[PDB]
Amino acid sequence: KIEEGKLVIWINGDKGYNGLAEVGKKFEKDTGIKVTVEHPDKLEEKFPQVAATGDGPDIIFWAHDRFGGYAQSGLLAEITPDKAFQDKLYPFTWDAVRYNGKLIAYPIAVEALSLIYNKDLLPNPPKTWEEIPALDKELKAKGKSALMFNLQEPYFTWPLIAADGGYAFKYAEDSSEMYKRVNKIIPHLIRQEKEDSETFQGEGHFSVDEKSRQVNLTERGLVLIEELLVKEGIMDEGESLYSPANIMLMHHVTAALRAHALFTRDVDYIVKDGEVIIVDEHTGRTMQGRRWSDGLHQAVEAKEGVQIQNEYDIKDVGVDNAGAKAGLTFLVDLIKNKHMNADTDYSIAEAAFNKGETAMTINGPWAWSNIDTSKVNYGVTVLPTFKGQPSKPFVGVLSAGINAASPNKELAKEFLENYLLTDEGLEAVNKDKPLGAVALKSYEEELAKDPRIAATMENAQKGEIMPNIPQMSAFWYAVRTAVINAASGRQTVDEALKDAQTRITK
């Protein structure tokens, strides 16, 4: 059991816990509630153990991506900030603390890769990846190189691969709007008995296989739906649903038809307090946080007019698309043309930049202090563009979660919303150890006076939130192999990315 009437907070060793104790001191002296701030060893491994037994701290601070596994086991309480408080943070930070549509943590800080450059060797760093080859030749004649960064880990190479269209798992911005617009199509569609065959020509637009709970479009249905999608501005005039460009649109048509034809309110699900809740077993276990896959739950939400909870499409992986092939090809051509070495890792690149041997590197705020010791006159700026599009680094959001077993959920919410997530609260923590960029708009505007902190947020706003789903591990492991194989010549870029795409989705 967790001691009621006080707050136990866990934050990692490398963070400003003394400053966190200080905002808790304003808390302890104002309301008489003692706040024990602990920084235990391996706390990210200890929390899912103690919280499973109903123990642990009231509040845990960690990167958002780990909170996906915590919320999977129901370890984190669904936080309840009103709409007014959520507007005080950058909207994309709230996307990092969402699991199964529910908010399960408060965003605190924001971290991402940036371009680090030597002001003395390179006063005007390049805006594009394309101008790095000629810049390298210019520096090689002076005994220097243009760029060196860790090529062994896809975390560092993915910003270039994602620029032209590569992505891990599709997280569409207009997803909620798409489910609503596609849902308007359904009333036009006629159901027929079965699929058209040699012995049967129906007059409908779709048929339903009841035993598999799947729907099959008819020839005339595919035509009419394409007619309906083109007119309402969803699809271009001369496209196909079955084309790979409309894969998101195909998942929506399939989901909307299943939501109408195959799932029934008060049988398969209920509409309760503005949510779609599955009725799992007939007269059995009835309500849970479980969710249907393949966009079906979102389609039922659009059908019932409740708030569509956004999530990742784990069946839409963009590792072997044209954008990813173009980005990785440019990386491989840099190696082929000896502008970079396929063997360069984190230590080689860090030593190269901190010794003044290379003009640029790609790293995050954790590496700044080592460069401070190096005395290199360095700057931090926006990553180069590729094919006119921004490099997209993954964003890590330091977040504060509330233990689901906590008897002090209102105390914890009071401490986080009104005492930590303030200009004064974040400043106490940042003084202790810097948070980098923060999620609170008001304090970030002050911190952004530092051009390095401003660069971290700019690259973060141009990147993507690190997905908090279990399938992200398979993405990293497959992409790590693909980049190494392509960079070393084991496979071609298309061959390497095709294998990674297949392995992620098998």
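Residue positions are given as counts along the sequence shown, with the first one as 1.
In this entry, 134 to 142 has the higher mean Cα B-factor, the comparison being between 380 to 388 and 134 to 142. As recorded in the PDB entry, 444 to 452 is the stretch of 444 to 452 and 473 to 481 with the greater mean C-alpha temperature factor. Of all the options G327, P107, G284, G318, the entry's greatest CA B-factor is assigned to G284. You'll see in the entry that, of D164, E219, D95, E301, the Cα B factor peaks at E219. Annotation for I11: CA B-factor lies in the middle third of the chain's modelled residues. Among the modelled residues of its chain, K336 has a C-alpha B-factor that falls in the lowest third, as given in the PDB entry. When the modelled residues of the chain are ordered by C-alpha B-factor, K184 sits in the middle third. Split the chain's modelled residues into thirds by C-alpha temperature factor. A52 is in the middle one. Among the modelled residues of the chain, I2 sits in the highest third by CA temperature factor in this PDB entry.
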